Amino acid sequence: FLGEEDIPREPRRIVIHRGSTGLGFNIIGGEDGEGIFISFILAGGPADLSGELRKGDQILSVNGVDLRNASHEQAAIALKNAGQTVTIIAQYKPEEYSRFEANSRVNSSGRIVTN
């Protein structure tokens, strides 16, 4: 059903209330421009419970701080020290993301498929 509908590609604002716990996701990128992408969403974590983030999403900013051209560690530092309420502006970029994970590609609906 849903899985055949196109994944929205416009930027989205996601407000996560995580208090003093991890956001519950992994980031890759931050080397030479690339950008910061979500590579994994932890089951049960705040990011998962938000139901608004997914692997392949690029983190454009955290609490107003532009992360488009952030380095890996600084981006991590920004997220970890973002505070209890984290406002992320994210944008689905599967083609860009697919470059990181082995044997991964994008299907007609924009879904990241790994072979």
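In this text, residue numbers run from 1 along the sequence as written.
Comparing 24-32 with 68-76, the higher mean C-alpha B-factor in the PDB entry belongs to 24-32.
The question of which stretch, 80-88 or 55-63, has the higher mean Cα B factor is settled in favour of 80-88. Looking at the C-alpha B-factors along this chain, the one for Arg99 belongs to the middle third. In the deposited entry, the Cα temperature factor of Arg12 places it in the lowest third of its chain's modelled residues. In this PDB entry, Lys93 carries a Cα temperature factor that places it within the middle third of its chain's modelled residues.
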